[PDB]
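Structure file data_1.cif; described as mmCIF, C-alpha atoms and all ligand atoms.
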data_query
#
loop_
_atom_site.label_atom_id
_atom_site.label_comp_id
_atom_site.auth_asym_id
_atom_site.auth_seq_id
_atom_site.Cartn_x
_atom_site.Cartn_y
_atom_site.Cartn_z
CA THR A 5 -9.24 -8.95 -1.15
CA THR A 6 -11.03 -5.85 -2.56
CA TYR A 7 -8.63 -5.85 -5.59
CA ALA A 8 -9.61 -9.55 -6.34
CA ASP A 9 -13.29 -8.60 -5.97
CA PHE A 10 -12.83 -5.67 -8.37
CA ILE A 11 -10.91 -7.72 -10.99
CA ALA A 12 -13.63 -10.41 -10.88
CA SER A 13 -16.45 -7.79 -11.21
CA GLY A 14 -18.17 -6.79 -14.51
CA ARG A 15 -17.02 -3.17 -14.04
CA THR A 16 -13.28 -3.17 -14.91
CA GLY A 17 -13.85 -2.13 -18.54
CA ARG A 18 -14.75 1.37 -19.87
CA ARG A 19 -17.80 2.53 -17.93
CA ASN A 20 -20.70 3.99 -19.89
CA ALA A 21 -22.35 7.19 -18.85
CA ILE A 22 -25.98 7.13 -17.69
CA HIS A 23 -28.74 9.71 -18.42
CA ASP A 24 -32.53 10.51 -18.08
CA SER B 14 -3.08 36.68 -8.65
CA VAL B 15 -5.64 33.78 -8.98
CA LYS B 16 -8.75 36.10 -8.69
CA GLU B 17 -7.26 38.35 -11.42
CA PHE B 18 -6.18 35.48 -13.71
CA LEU B 19 -9.76 34.06 -13.45
CA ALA B 20 -11.36 37.54 -14.06
CA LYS B 21 -9.50 37.84 -17.41
CA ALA B 22 -10.22 34.13 -18.22
CA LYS B 23 -13.96 34.91 -17.75
CA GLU B 24 -13.74 37.92 -20.13
CA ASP B 25 -12.06 35.77 -22.83
CA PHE B 26 -14.64 32.97 -22.32
CA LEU B 27 -17.72 35.25 -22.38
CA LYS B 28 -16.80 36.81 -25.77
CA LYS B 29 -16.60 33.34 -27.39
CA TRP B 30 -19.63 32.03 -25.42
CA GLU B 31 -21.84 34.93 -26.66
CA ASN B 32 -20.57 34.71 -30.29
CA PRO B 33 -19.73 31.02 -31.01
CA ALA B 34 -17.50 29.91 -33.94
CA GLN B 35 -19.44 27.80 -36.44
CA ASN B 36 -18.58 25.87 -39.68
CA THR B 37 -14.77 26.15 -39.49
CA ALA B 38 -13.86 23.15 -41.73
CA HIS B 39 -15.28 20.43 -44.02
CA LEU B 40 -15.07 16.58 -43.84
CA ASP B 41 -13.09 16.55 -47.16
CA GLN B 42 -10.16 18.47 -45.57
CA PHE B 43 -9.27 15.40 -43.43
CA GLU B 44 -7.90 11.94 -44.13
CA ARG B 45 -9.55 9.40 -41.74
CA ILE B 46 -6.94 7.03 -40.20
CA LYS B 47 -8.20 4.93 -37.23
CA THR B 48 -10.93 4.83 -34.58
CA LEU B 49 -9.56 5.82 -31.09
CA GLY B 50 -12.82 5.25 -29.20
CA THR B 51 -16.59 4.73 -29.62
CA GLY B 52 -19.83 5.73 -27.89
CA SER B 53 -23.64 5.50 -28.12
CA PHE B 54 -24.00 8.31 -30.68
CA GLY B 55 -20.68 8.10 -32.56
CA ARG B 56 -16.90 7.65 -32.53
CA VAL B 57 -13.55 9.45 -32.25
CA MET B 58 -11.11 8.94 -35.16
CA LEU B 59 -7.45 9.86 -35.66
CA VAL B 60 -7.45 12.05 -38.80
CA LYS B 61 -4.81 14.00 -40.76
CA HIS B 62 -5.53 17.57 -41.86
CA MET B 63 -4.16 17.54 -45.49
CA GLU B 64 -3.39 21.28 -45.84
CA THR B 65 -1.06 21.27 -42.74
CA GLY B 66 -0.13 17.57 -42.21
CA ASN B 67 -1.39 17.98 -38.59
CA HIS B 68 -3.00 15.01 -36.85
CA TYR B 69 -6.24 15.52 -34.91
CA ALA B 70 -8.90 13.48 -33.06
CA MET B 71 -12.24 13.93 -34.85
CA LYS B 72 -15.43 13.23 -32.81
CA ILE B 73 -18.24 12.16 -35.19
CA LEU B 74 -21.81 12.21 -33.83
CA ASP B 75 -24.74 10.75 -35.73
CA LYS B 76 -27.49 13.47 -35.47
CA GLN B 77 -30.31 10.83 -35.60
CA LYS B 78 -28.70 8.87 -32.75
CA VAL B 79 -28.23 12.10 -30.71
CA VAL B 80 -32.01 12.88 -31.22
CA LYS B 81 -33.06 9.30 -30.17
CA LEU B 82 -30.94 9.54 -26.98
CA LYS B 83 -32.40 13.01 -26.10
CA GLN B 84 -28.92 14.53 -26.08
CA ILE B 85 -29.63 17.47 -28.46
CA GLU B 86 -29.24 20.16 -25.76
CA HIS B 87 -26.21 18.33 -24.22
CA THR B 88 -24.43 18.26 -27.68
CA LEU B 89 -25.11 22.01 -28.31
CA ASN B 90 -23.70 22.68 -24.76
CA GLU B 91 -20.57 20.56 -25.53
CA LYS B 92 -19.64 22.41 -28.74
CA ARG B 93 -20.58 25.93 -27.45
CA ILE B 94 -18.53 25.39 -24.25
CA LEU B 95 -15.52 23.73 -25.98
CA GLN B 96 -15.14 26.48 -28.58
CA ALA B 97 -15.12 29.07 -25.74
CA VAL B 98 -12.74 27.55 -23.13
CA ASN B 99 -8.92 27.81 -22.95
CA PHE B 100 -6.92 26.02 -20.28
CA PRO B 101 -3.67 23.93 -20.31
CA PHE B 102 -5.48 20.76 -19.10
CA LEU B 103 -8.49 20.87 -21.46
CA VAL B 104 -8.36 19.17 -24.90
CA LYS B 105 -8.60 21.98 -27.47
CA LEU B 106 -11.43 22.12 -30.08
CA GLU B 107 -9.67 23.05 -33.35
CA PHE B 108 -12.62 23.02 -35.77
CA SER B 109 -16.31 22.14 -35.86
CA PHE B 110 -18.80 21.58 -38.69
CA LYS B 111 -21.80 19.41 -39.67
CA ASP B 112 -23.19 17.75 -42.81
CA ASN B 113 -26.49 16.04 -43.74
CA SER B 114 -25.79 13.17 -41.31
CA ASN B 115 -23.33 14.05 -38.58
CA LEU B 116 -21.80 16.65 -36.30
CA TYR B 117 -18.02 16.92 -36.21
CA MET B 118 -15.72 18.22 -33.48
CA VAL B 119 -12.04 18.17 -34.46
CA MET B 120 -9.88 18.17 -31.35
CA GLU B 121 -6.13 18.25 -30.72
CA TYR B 122 -4.76 14.67 -30.85
CA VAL B 123 -3.46 13.52 -27.44
CA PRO B 124 -1.16 10.52 -28.22
CA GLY B 125 -0.42 9.08 -24.74
CA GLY B 126 -3.77 7.30 -24.44
CA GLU B 127 -6.41 7.30 -21.68
CA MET B 128 -5.47 7.39 -17.99
CA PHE B 129 -8.00 4.46 -17.82
CA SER B 130 -5.68 2.25 -19.96
CA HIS B 131 -2.56 3.05 -17.90
CA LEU B 132 -4.31 2.76 -14.51
CA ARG B 133 -5.85 -0.66 -15.30
CA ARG B 134 -2.60 -2.08 -16.78
CA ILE B 135 -0.29 -0.76 -13.96
CA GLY B 136 -2.89 -1.55 -11.28
CA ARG B 137 -2.63 1.63 -9.18
CA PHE B 138 -0.60 4.83 -9.00
CA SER B 139 1.67 5.85 -6.09
CA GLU B 140 0.36 8.75 -3.94
CA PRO B 141 2.85 11.26 -5.60
CA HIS B 142 1.75 10.00 -9.10
CA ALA B 143 -2.02 10.30 -8.16
CA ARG B 144 -1.30 13.74 -6.53
CA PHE B 145 0.36 15.08 -9.73
CA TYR B 146 -2.84 14.21 -11.72
CA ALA B 147 -5.26 15.30 -8.96
CA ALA B 148 -3.61 18.79 -8.82
CA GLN B 149 -4.31 19.24 -12.55
CA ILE B 150 -7.99 18.37 -12.04
CA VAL B 151 -8.17 20.77 -9.00
CA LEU B 152 -6.96 23.66 -11.20
CA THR B 153 -9.23 22.60 -14.12
CA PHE B 154 -12.36 22.58 -11.89
CA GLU B 155 -11.30 25.88 -10.28
CA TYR B 156 -11.15 27.31 -13.91
CA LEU B 157 -14.42 25.68 -15.13
CA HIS B 158 -16.43 26.51 -11.98
CA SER B 159 -15.32 30.17 -12.17
CA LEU B 160 -16.98 30.30 -15.66
CA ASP B 161 -20.20 28.90 -14.11
CA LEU B 162 -19.50 25.51 -15.75
CA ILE B 163 -20.31 22.15 -14.16
CA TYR B 164 -18.32 19.26 -15.77
CA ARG B 165 -20.29 16.19 -14.56
CA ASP B 166 -18.27 13.38 -16.21
CA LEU B 167 -14.97 13.02 -14.38
CA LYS B 168 -13.44 9.51 -14.75
CA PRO B 169 -10.13 7.95 -15.94
CA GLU B 170 -11.81 7.12 -19.31
CA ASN B 171 -12.15 10.90 -20.01
CA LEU B 172 -8.58 11.84 -19.09
CA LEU B 173 -5.88 11.71 -21.76
CA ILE B 174 -2.08 11.73 -21.15
CA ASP B 175 -0.05 14.06 -23.39
CA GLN B 176 3.61 13.73 -24.60
CA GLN B 177 4.78 15.66 -21.48
CA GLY B 178 2.85 13.26 -19.16
CA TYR B 179 0.22 15.88 -18.22
CA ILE B 180 -3.59 15.36 -18.22
CA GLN B 181 -5.94 16.61 -20.96
CA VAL B 182 -9.65 16.56 -20.00
CA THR B 183 -11.97 15.39 -22.74
CA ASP B 184 -15.77 14.75 -23.12
CA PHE B 185 -17.83 17.83 -22.50
CA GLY B 186 -21.08 16.01 -23.38
CA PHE B 187 -22.54 16.61 -19.87
CA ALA B 188 -20.91 20.00 -19.27
CA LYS B 189 -23.38 22.88 -18.70
CA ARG B 190 -23.18 26.65 -17.98
CA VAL B 191 -25.46 27.04 -14.95
CA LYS B 192 -25.70 29.68 -12.21
CA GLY B 193 -28.37 27.99 -10.08
CA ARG B 194 -29.04 24.36 -9.20
CA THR B 195 -29.58 21.66 -11.82
CA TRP B 196 -31.51 18.36 -11.89
CA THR B 197 -30.44 16.17 -14.80
CA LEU B 198 -29.58 12.60 -13.81
CA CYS B 199 -26.26 12.20 -15.68
CA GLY B 200 -22.76 10.92 -15.18
CA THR B 201 -21.12 7.51 -14.57
CA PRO B 202 -22.50 5.27 -11.72
CA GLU B 203 -19.23 4.89 -9.71
CA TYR B 204 -18.68 8.72 -9.83
CA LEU B 205 -22.20 10.01 -8.99
CA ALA B 206 -22.57 12.22 -5.87
CA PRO B 207 -25.42 11.06 -3.50
CA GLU B 208 -27.46 14.31 -4.32
CA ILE B 209 -27.64 13.14 -7.98
CA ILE B 210 -28.78 9.59 -7.06
CA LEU B 211 -31.40 10.99 -4.62
CA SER B 212 -32.98 13.25 -7.34
CA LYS B 213 -32.16 16.41 -5.45
CA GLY B 214 -31.17 19.62 -7.21
CA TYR B 215 -27.40 19.83 -7.23
CA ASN B 216 -24.52 22.12 -8.08
CA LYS B 217 -20.73 22.15 -8.72
CA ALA B 218 -20.04 20.24 -5.45
CA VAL B 219 -20.79 17.05 -7.53
CA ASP B 220 -17.49 17.66 -9.44
CA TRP B 221 -15.64 17.78 -6.04
CA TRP B 222 -17.25 14.50 -4.89
CA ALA B 223 -16.18 13.00 -8.34
CA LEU B 224 -12.58 14.22 -7.65
CA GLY B 225 -12.69 12.19 -4.38
CA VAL B 226 -13.75 9.08 -6.39
CA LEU B 227 -10.93 9.66 -8.96
CA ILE B 228 -8.16 10.19 -6.35
CA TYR B 229 -9.34 7.04 -4.50
CA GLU B 230 -9.46 5.01 -7.78
CA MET B 231 -5.99 6.25 -8.89
CA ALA B 232 -4.35 5.47 -5.52
CA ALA B 233 -6.21 2.19 -4.72
CA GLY B 234 -6.56 0.79 -8.27
CA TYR B 235 -10.33 0.37 -7.85
CA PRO B 236 -13.14 2.89 -7.07
CA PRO B 237 -14.58 3.40 -3.53
CA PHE B 238 -18.02 2.07 -4.58
CA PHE B 239 -18.32 -0.80 -7.06
CA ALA B 240 -20.75 -3.74 -7.68
CA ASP B 241 -21.94 -5.66 -10.74
CA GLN B 242 -25.19 -3.65 -11.07
CA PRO B 243 -25.63 0.19 -10.95
CA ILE B 244 -28.52 -0.13 -8.36
CA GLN B 245 -26.04 -1.83 -5.95
CA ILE B 246 -23.43 0.92 -6.64
CA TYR B 247 -26.08 3.59 -5.78
CA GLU B 248 -26.89 1.83 -2.44
CA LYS B 249 -23.13 1.93 -1.49
CA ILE B 250 -22.78 5.63 -2.48
CA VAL B 251 -25.85 6.82 -0.49
CA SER B 252 -24.58 5.04 2.69
CA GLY B 253 -21.24 6.78 1.97
CA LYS B 254 -19.35 4.26 4.12
CA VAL B 255 -15.93 4.22 2.49
CA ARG B 256 -13.16 1.80 3.49
CA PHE B 257 -9.59 2.74 2.63
CA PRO B 258 -6.71 0.35 1.69
CA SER B 259 -4.16 -0.08 4.55
CA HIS B 260 -1.49 1.54 2.28
CA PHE B 261 -3.36 4.90 2.07
CA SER B 262 -1.51 7.60 4.07
CA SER B 263 -3.33 9.41 6.94
CA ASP B 264 -3.37 12.70 4.89
CA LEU B 265 -4.92 10.91 1.87
CA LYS B 266 -7.71 9.32 3.97
CA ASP B 267 -8.51 12.69 5.56
CA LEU B 268 -8.63 14.48 2.16
CA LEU B 269 -10.95 11.69 0.84
CA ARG B 270 -13.24 11.84 3.87
CA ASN B 271 -13.72 15.59 3.17
CA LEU B 272 -14.28 15.11 -0.64
CA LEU B 273 -16.49 11.99 -0.27
CA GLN B 274 -18.67 13.83 2.20
CA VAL B 275 -22.40 13.09 1.92
CA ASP B 276 -23.06 16.41 3.85
CA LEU B 277 -22.83 19.41 1.43
CA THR B 278 -22.19 21.90 4.30
CA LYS B 279 -19.08 19.78 5.06
CA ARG B 280 -17.84 18.79 1.54
CA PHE B 281 -14.41 20.29 0.56
CA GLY B 282 -14.66 22.57 -2.48
CA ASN B 283 -18.22 23.50 -1.31
CA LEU B 284 -17.31 25.53 1.83
CA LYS B 285 -16.87 29.32 2.30
CA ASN B 286 -13.15 28.99 1.39
CA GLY B 287 -14.09 27.01 -1.78
CA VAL B 288 -11.15 25.37 -3.61
CA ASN B 289 -8.61 26.73 -1.06
CA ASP B 290 -9.73 24.07 1.47
CA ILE B 291 -8.45 21.51 -1.11
CA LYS B 292 -5.33 23.38 -2.31
CA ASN B 293 -4.22 23.99 1.35
CA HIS B 294 -4.89 20.38 2.49
CA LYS B 295 -1.95 18.42 4.05
CA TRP B 296 -1.94 15.83 1.20
CA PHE B 297 -1.16 18.67 -1.27
CA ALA B 298 1.56 20.29 1.00
CA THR B 299 4.31 19.34 -1.52
CA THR B 300 2.29 20.58 -4.52
CA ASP B 301 3.55 23.77 -6.16
CA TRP B 302 0.24 24.87 -7.82
CA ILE B 303 1.85 27.60 -10.02
CA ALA B 304 4.51 25.11 -11.27
CA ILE B 305 1.74 22.54 -12.09
CA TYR B 306 -0.19 25.21 -14.09
CA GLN B 307 3.05 26.29 -15.86
CA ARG B 308 3.88 22.61 -16.62
CA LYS B 309 7.35 22.92 -15.03
CA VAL B 310 6.86 19.89 -12.66
CA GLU B 311 8.47 16.66 -13.94
CA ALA B 312 5.78 14.09 -14.79
CA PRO B 313 5.89 10.67 -13.00
CA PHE B 314 5.19 8.90 -16.33
CA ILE B 315 5.95 9.78 -19.94
CA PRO B 316 4.02 7.79 -22.60
CA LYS B 317 5.97 5.92 -25.25
CA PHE B 318 5.64 7.72 -28.59
CA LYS B 319 7.03 5.97 -31.72
CA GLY B 320 6.17 8.92 -34.01
CA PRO B 321 3.47 11.34 -35.29
CA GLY B 322 0.14 9.61 -35.91
CA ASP B 323 1.08 6.56 -33.75
CA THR B 324 -1.98 4.96 -32.01
CA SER B 325 -0.33 2.14 -29.91
CA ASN B 326 -1.44 3.83 -26.64
CA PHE B 327 -5.12 3.32 -27.74
CA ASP B 328 -7.15 0.09 -27.96
CA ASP B 329 -8.31 -1.23 -31.37
CA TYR B 330 -11.92 -0.73 -32.45
CA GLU B 331 -13.95 -2.07 -35.36
CA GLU B 332 -14.01 0.37 -38.29
CA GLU B 333 -17.29 1.51 -39.87
CA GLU B 334 -17.59 3.58 -43.07
CA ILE B 335 -18.80 7.17 -42.64
CA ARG B 336 -22.03 7.48 -44.63
CA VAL B 337 -23.32 10.94 -45.45
CA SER B 338 -27.01 10.88 -46.44
CA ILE B 339 -28.18 12.70 -49.59
CA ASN B 340 -30.92 14.29 -47.40
CA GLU B 341 -30.42 16.67 -44.46
CA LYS B 342 -31.33 15.04 -41.13
CA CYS B 343 -32.45 16.96 -38.00
CA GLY B 344 -31.58 20.40 -39.50
CA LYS B 345 -33.81 22.40 -37.13
CA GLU B 346 -32.51 20.59 -33.95
CA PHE B 347 -28.82 21.35 -34.76
CA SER B 348 -29.20 24.81 -36.45
CA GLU B 349 -26.88 26.52 -33.91
CA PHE B 350 -24.08 23.88 -34.22
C1 LIG C 401 -14.26 9.63 -24.30
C2 LIG C 401 -14.27 10.86 -25.22
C3 LIG C 401 -13.21 11.30 -25.88
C4 LIG C 401 -13.66 12.37 -26.51
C5 LIG C 401 -12.77 13.22 -27.41
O1 LIG C 401 -13.23 14.10 -28.14
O2 LIG C 401 -11.43 13.06 -27.23
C6 LIG C 401 -10.42 13.53 -28.13
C7 LIG C 401 -9.27 12.76 -28.25
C8 LIG C 401 -9.35 11.36 -28.24
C9 LIG C 401 -8.16 10.62 -28.34
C10 LIG C 401 -6.94 11.32 -28.51
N1 LIG C 401 -6.93 12.65 -28.53
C11 LIG C 401 -8.02 13.39 -28.39
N2 LIG C 401 -14.95 12.59 -26.20
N3 LIG C 401 -15.32 11.66 -25.46
#
For this file, write the structure as structure tokens.
Ligand SMILES: Cc1cc(C(=O)OCc2cccnc2)n[nH]1
Amino acid sequence: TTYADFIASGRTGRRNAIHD
Amino acid sequence: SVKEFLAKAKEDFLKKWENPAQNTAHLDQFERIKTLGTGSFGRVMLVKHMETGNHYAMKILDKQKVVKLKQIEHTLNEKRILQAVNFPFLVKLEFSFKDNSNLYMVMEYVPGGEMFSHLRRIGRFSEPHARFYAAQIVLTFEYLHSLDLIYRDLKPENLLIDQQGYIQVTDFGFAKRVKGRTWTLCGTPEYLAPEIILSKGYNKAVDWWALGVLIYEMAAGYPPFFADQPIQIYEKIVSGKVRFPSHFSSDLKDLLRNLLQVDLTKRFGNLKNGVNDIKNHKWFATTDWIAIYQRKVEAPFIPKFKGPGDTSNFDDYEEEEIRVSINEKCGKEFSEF
């Protein structure tokens, strides 16, 4: 499922901003 | 009238924008309690203002770290904008000052915690719950955009829940007053509009694309474009193929297809009717916009609040002592702060 894929991803924590 | 309310809001903003408040407090007037969050160039701490007993959220930025990250202009924009704005859904800047080492922005303390925390724990929000929050962002962007401000960092991490269960927008680090198009590559990977990724000049329509990402994330429990590496997230965004969970209503999917529109001549919020194309959409049919603005709508969730200065709605962070150098650092760079 997409939820299981999300939960298993490295991007469930606070996401840092990008710049430059 | 909306046009008339915004006209007066612009007058109020412009006076503060052209003559910014500076040096309104000192570090020594506050008792430092706990860190509420951290970032690349500083931290946010719960503090108590001794003279009043009021609690606040103090953002501390290390000037040397700001300089290294080339965020000088972005930090001057943040403080100059924050001291000039006034809206029910924006976290209020109470005081600002600087010392030899750091810049300080003392904000109103929002005790309910980040929407990020609640969304991740709960999993996802119901369409009426997501709608209640989305309406607040619609009105906030309508206000900001009318002042020629682009926000550029919409995400659950930057949205705080107050005691009444309403949103408070924080983090104006990428906010900019701009009349034309802009080019800076900034934001959060999952929330970037394709124009930003493709190094095109862009405008306020990027905030409307980010609203589409937020509404999707709130209602689904995960964002429309995710992957382990930002490059892979960018590939998904530029294709713009979005799949919706089976539980998303027909109205929701249609609103998201118009917000998450790769074509700028077709993106809602960016058309001749502007924000009205969003406010009048079928998914918002039950939303009483005036009542949302006036905070008379009952919130779907009220945070638990044990008492003043309680931090249980915030994660724990490692504490670091605030060191103030005996020598002034980066004085010239931050002269206007
Ligand atoms: C992520 C972030 C938060 C801020 C901030 O200034 O927030 C103020 C705040 C934080 C916690 C509780 N109340 C207000 N800036 N960037």
Worksheet item: How far is it from CA of residue 99 in chain B to CA of residue 217 in chain B, in Å with one decimal?
Response: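 Here the two named atoms are 19.3 Å from each other.
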Worksheet item: Pick from B:159, B:340, B:299, B:53: nearest to chain A, with only C-alpha atoms counted?
Response: B:53
Item to complete: Residues of chain B near chain A: apply a cut-off of 9 Å, count all atoms listed in the file, and supply the list as a ChimeraX atom specification.
Response: /B:52-53,82-83,129,133,166,168-170,197-203,233-236,239-242,258
Around ligand LIG 401 (chain C), which protein and nucleic acid residues have at least one atom no more than 10 Å from it, if we count only C-alpha atoms and all ligand atoms? List them as a PDB file with C-alpha atoms, in the coordinates of the input.
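Saved result, pocket_12.pdb, follows:
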ATOM      1  CA  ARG A  18     -14.750   1.370 -19.870  1.00  0.00           C
ATOM      2  CA  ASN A  20     -20.700   3.990 -19.890  1.00  0.00           C
TER       3      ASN A  20
ATOM      4  CA  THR B  48     -10.930   4.830 -34.580  1.00  0.00           C
ATOM      5  CA  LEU B  49      -9.560   5.820 -31.090  1.00  0.00           C
ATOM      6  CA  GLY B  50     -12.820   5.250 -29.200  1.00  0.00           C
ATOM      7  CA  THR B  51     -16.590   4.730 -29.620  1.00  0.00           C
ATOM      8  CA  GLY B  52     -19.830   5.730 -27.890  1.00  0.00           C
ATOM      9  CA  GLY B  55     -20.680   8.100 -32.560  1.00  0.00           C
ATOM     10  CA  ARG B  56     -16.900   7.650 -32.530  1.00  0.00           C
ATOM     11  CA  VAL B  57     -13.550   9.450 -32.250  1.00  0.00           C
ATOM     12  CA  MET B  58     -11.110   8.940 -35.160  1.00  0.00           C
ATOM     13  CA  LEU B  59      -7.450   9.860 -35.660  1.00  0.00           C
ATOM     14  CA  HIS B  68      -3.000  15.010 -36.850  1.00  0.00           C
ATOM     15  CA  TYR B  69      -6.240  15.520 -34.910  1.00  0.00           C
ATOM     16  CA  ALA B  70      -8.900  13.480 -33.060  1.00  0.00           C
ATOM     17  CA  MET B  71     -12.240  13.930 -34.850  1.00  0.00           C
ATOM     18  CA  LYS B  72     -15.430  13.230 -32.810  1.00  0.00           C
ATOM     19  CA  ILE B  73     -18.240  12.160 -35.190  1.00  0.00           C
ATOM     20  CA  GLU B  91     -20.570  20.560 -25.530  1.00  0.00           C
ATOM     21  CA  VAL B 104      -8.360  19.170 -24.900  1.00  0.00           C
ATOM     22  CA  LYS B 105      -8.600  21.980 -27.470  1.00  0.00           C
ATOM     23  CA  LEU B 106     -11.430  22.120 -30.080  1.00  0.00           C
ATOM     24  CA  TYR B 117     -18.020  16.920 -36.210  1.00  0.00           C
ATOM     25  CA  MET B 118     -15.720  18.220 -33.480  1.00  0.00           C
ATOM     26  CA  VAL B 119     -12.040  18.170 -34.460  1.00  0.00           C
ATOM     27  CA  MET B 120      -9.880  18.170 -31.350  1.00  0.00           C
ATOM     28  CA  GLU B 121      -6.130  18.250 -30.720  1.00  0.00           C
ATOM     29  CA  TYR B 122      -4.760  14.670 -30.850  1.00  0.00           C
ATOM     30  CA  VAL B 123      -3.460  13.520 -27.440  1.00  0.00           C
ATOM     31  CA  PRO B 124      -1.160  10.520 -28.220  1.00  0.00           C
ATOM     32  CA  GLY B 125      -0.420   9.080 -24.740  1.00  0.00           C
ATOM     33  CA  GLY B 126      -3.770   7.300 -24.440  1.00  0.00           C
ATOM     34  CA  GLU B 127      -6.410   7.300 -21.680  1.00  0.00           C
ATOM     35  CA  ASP B 166     -18.270  13.380 -16.210  1.00  0.00           C
ATOM     36  CA  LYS B 168     -13.440   9.510 -14.750  1.00  0.00           C
ATOM     37  CA  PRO B 169     -10.130   7.950 -15.940  1.00  0.00           C
ATOM     38  CA  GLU B 170     -11.810   7.120 -19.310  1.00  0.00           C
ATOM     39  CA  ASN B 171     -12.150  10.900 -20.010  1.00  0.00           C
ATOM     40  CA  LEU B 172      -8.580  11.840 -19.090  1.00  0.00           C
ATOM     41  CA  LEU B 173      -5.880  11.710 -21.760  1.00  0.00           C
ATOM     42  CA  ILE B 174      -2.080  11.730 -21.150  1.00  0.00           C
ATOM     43  CA  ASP B 175      -0.050  14.060 -23.390  1.00  0.00           C
ATOM     44  CA  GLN B 181      -5.940  16.610 -20.960  1.00  0.00           C
ATOM     45  CA  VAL B 182      -9.650  16.560 -20.000  1.00  0.00           C
ATOM     46  CA  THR B 183     -11.970  15.390 -22.740  1.00  0.00           C
ATOM     47  CA  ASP B 184     -15.770  14.750 -23.120  1.00  0.00           C
ATOM     48  CA  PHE B 185     -17.830  17.830 -22.500  1.00  0.00           C
ATOM     49  CA  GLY B 186     -21.080  16.010 -23.380  1.00  0.00           C
ATOM     50  CA  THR B 324      -1.980   4.960 -32.010  1.00  0.00           C
ATOM     51  CA  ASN B 326      -1.440   3.830 -26.640  1.00  0.00           C
ATOM     52  CA  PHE B 327      -5.120   3.320 -27.740  1.00  0.00           C
TER      53      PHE B 327
END
Response to the item:
re CA of residue 271 in chain B and CA of residue 214 in chain B: distance 20.7 Å
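Using only C-alpha atoms, the smallest distance between any of B:137, B:29, B:309, B:190 and residue 260 in chain B comes from B:137.
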Worksheet entry | Counting only C-alpha atoms, the residue of B:94, B:291, B:19, B:223 that sits nearest residue 189 in chain B |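 Ranked by minimum distance to residue 189 in chain B, first place goes to B:94.
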Practice prompt. Report the distance between CA of residue 131 in chain B and CA of residue 149 in chain B in Å, rounded to one decimal place.
Written response: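 Spanning CA of residue 131 in chain B to CA of residue 149 in chain B is a straight-line distance of 17.1 Å.
Near residue 109 in chain B, within 9 Å and counting all atoms listed in the file, sit residues 34, 35, 36, 37, 38, 39, 92, 96, 116, 117, 118, 119, 120 and 350 of chain B, not including residues fewer than 4 positions from it in the same chain.
Of the listed residues B:22, B:315, B:89, B:167, the one whose atoms come nearest to residue 76 in chain B is B:89, with distances taken using all atoms listed in the file.
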Fill in: Residues near residue 195 in chain B, cut-off 8 Å, all atoms listed in the file, skip fewer than 3 positions along chain, as a list in words
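Selected residues are residues 191, 214, 215 and 216 of chain B.
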Worksheet item: Quick one: residues within 9 Å of range 272-276 of chain B, all atoms listed in the file counted, chain neighbours fewer than 3 positions away excluded, as a PyMOL selection string?
Response: chain B and resi 206-208+221-226+250-253+255+267-269+279-282+291
With the input short on atoms, add N, CA and C atoms back to range 5-15 of chain A and write it as a compact mmCIF listing (two decimals), in the frame of the given file.
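File written: out_34.txt
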# COMPACT_ATOMS: atom_id res chain seq x y z
N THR A 5 -9.71 -10.35 -1.20
CA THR A 5 -9.24 -8.95 -1.15
C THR A 5 -10.16 -8.08 -2.01
N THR A 6 -10.19 -6.76 -1.75
CA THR A 6 -11.03 -5.85 -2.56
C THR A 6 -10.54 -5.80 -4.01
N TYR A 7 -9.21 -5.80 -4.24
CA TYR A 7 -8.63 -5.85 -5.59
C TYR A 7 -9.15 -7.10 -6.34
N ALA A 8 -9.09 -8.32 -5.71
CA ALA A 8 -9.61 -9.55 -6.34
C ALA A 8 -11.09 -9.43 -6.64
N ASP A 9 -11.86 -8.78 -5.75
CA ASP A 9 -13.29 -8.60 -5.97
C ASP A 9 -13.55 -7.65 -7.14
N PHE A 10 -12.74 -6.59 -7.25
CA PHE A 10 -12.83 -5.67 -8.37
C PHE A 10 -12.51 -6.36 -9.71
N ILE A 11 -11.37 -7.04 -9.78
CA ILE A 11 -10.91 -7.72 -10.99
C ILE A 11 -11.90 -8.75 -11.51
N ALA A 12 -12.62 -9.40 -10.58
CA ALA A 12 -13.63 -10.41 -10.88
C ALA A 12 -14.99 -9.78 -11.19
N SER A 13 -15.15 -8.45 -10.97
CA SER A 13 -16.45 -7.79 -11.21
C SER A 13 -16.66 -7.52 -12.72
N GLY A 14 -17.88 -7.13 -13.12
CA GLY A 14 -18.17 -6.79 -14.51
C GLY A 14 -17.88 -5.32 -14.82
N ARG A 15 -17.25 -4.60 -13.87
CA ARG A 15 -17.02 -3.17 -14.04
C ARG A 15 -15.57 -2.71 -14.11
